[PDB]
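In UniProt numbering, the protein residues as written are 1400 to 1439, 1445 to 1468, 1488 to 1520, 1696 to 1808.
The C-beta atom is built at its ideal place from N, Cα and C for all residues, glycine as well.
Only one structure is covered here, and it is reproduced in the block below.
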């Protein structure tokens, strides 16, 4: 109901939103992506649902850092599709107290990585201590529950303790929290690619026919 463009108290408000709300919004979009139609907001605490969608749809038109926001919003949607695809069979706890695949068609090293990694996880039976396909699901699951590139919030969550298990050897190293963060970032960057490639493969399979 507020005006798209207005001047109140010495500042410009876009649909009732001040810069503080306007900046906060973007920060929460880069971190979580777009809420799917509806979903659970700090500076925007007082904002209502009525005003919320007013901004989103108005933000949408704007989109079509312009590309930056576009890709981050899309990527986070790709991750949400994948996690939801297998959420049921895997549960919500990595190490309690399984199924996962990404169809990149062999265009990223992932499938070759997964093969070698899963060989050792099975022959040694050390499932949680050898990073493999299983760990990438829970890495992706964390990126949704906790946000984009939130390695520390993900690590501290018991739900994703599997991500910590392959690195118990270097707990005494001063840089410990870094080595982990550098592995997760280098890993998620690959997953990001495979996720995007799988989408381009699904979309081209339709030959541009809905």
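Quiz item: CB residue 1791 to CB residue 1734, shorter than 9 Å?
Solution: Contact: no.
Quiz item: Is the segment 1721-1741 touching the segment 1778-1798, taking contact as three or more C-beta pairs under 8 Å?
Solution: Yes, they touch.
Quiz item: Considering only C-alpha positions, which residue in the set 1517, 1507, 1514 is nearest to residue 1700?
Solution: Among 1517, 1507, 1514, the Cα nearest to that of residue 1700 belongs to 1507.
Quiz item: DSSP state of residue 1700, grouped into three classes?
Solution: Three-state result, residue 1700: coil.
Quiz item: Just curious, the beta strand (DSSP E) that residue 1407 is in, first and last residue?
Solution: Taken as a continuous stretch (DSSP letters only), the beta strand (DSSP E) holding residue 1407 covers 1405-1407.
Quiz item: Near residue 1782, what residues of its chain come up, given a Cβ to Cβ distance below 6 Å and the 5 sequence neighbours on each side ignored?
Solution: Contacts found: 1749.
Exercise. Quickly, what does DSSP pair residue 1412 with across the bridge? List them, please.
Key: Note: residue 1412 is bridge-paired with 1405 in the DSSP secondary-structure output.
Quiz item: What did DSSP end up calling residue 1509 once you bin it into helix, strand or coil?
Solution: Looking at residue 1509 - three-state DSSP - the assignment turns out to be helix.
Quiz prompt | Where the alpha helix (DSSP H) through residue 1740 begins and ends | solution = It spans 1731-1743 - the alpha helix (DSSP H) in which residue 1740 sits, taken as one unbroken run.
Practice problem: Would you be able to state if there are at least three C-beta pairs under 8 Å between the segment 1723-1734 and the segment 1416-1423? | Solution: The answer is no - the segment 1723-1734 does not touch the segment 1416-1423, with fewer than three Cβ pairs under 8 Å.
Exercise. Check whether the Cβ atoms of residue 1467 and residue 1492 lie closer than 9 Å to each other.
Key: It is a contact, given that the beta carbons lie within the stated cut-off.
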